[PDB]
């Protein structure tokens, strides 16, 4: 059924054994082997889009390794010329299905690092991610990022984060910032996001562990105005008795309920659960 709240899951589908996330060792980074992996990941991207259209999922997060090692100085070919046509085609499918596409670079992507080498590698990775979403024609695509490390002093870490991203026209087309469970709350992310002119993704588990002064309801209410399009939110549940913020297999009914009650209006909810497409109902 057609709900005002659209759902998604990241990277892979467990029912199908489909993934967008195959990689390889850099010792095996041959033109032929990468083309191998990329092809299977693109095949799987397509199956997933089709499975989502038949099973009520409007959102999908494409894993970083879709084109394995694309941002790496040893990448064996022009991936954009190789794939532009097929990405446009997959992009048109996703739009025909009404699907919204996203990527979330890992915890080692840190534009606010003071190490210039980490900055350059991080920027390379975000530029590849943004180019991919551009080639898929993802008009409302999202590229989600945590604010990363305090590196001893937050004011300076944030100023580096903004300086190192303000110039990046293409990345800024898609970039949205997300609160975390340890270092940067929603009030903090809203400040960073305004400086950069980008939206805020509220994560409900992270919010719970690290709320600042804000009830979830006010967090969502402040975040909603930061999206020109449909706001995106993350939904996870605590994996019982494990490390705080560890993701449960399936989201609880109680946690789903609490978000539904807090949302100020229509939004897109990425379910971050170890079960993937089995993470809710």
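Residue numbers count along the first chain shown, from 1.
Between the stretches 112-120 and 141-149, it is 112-120 that shows the larger average CA temperature factor.
As the entry records it, the average C-alpha temperature factor is higher for 22-30, out of 40-48 and 22-30. You'll see in the entry that, of 131, 207, 166, 104, the Cα B factor peaks at 166. Of the residues listed, 273, 262, 16, 267, the entry assigns the biggest Cα temperature factor to 16. Split the chain's modelled residues into thirds by C-alpha temperature factor. Residue 1 is in the highest one.
Among the modelled residues of its chain, residue 100 has a C-alpha B-factor that falls in the lowest third, as given in the PDB entry. Ranked within its chain, residue 211 lands in the middle third, by CA B factor from the PDB record.
When the modelled residues of the chain are ordered by C-alpha B-factor, residue 203 sits in the lowest third. Among the modelled residues of the chain, residue 225 sits in the lowest third by CA temperature factor in this PDB entry.
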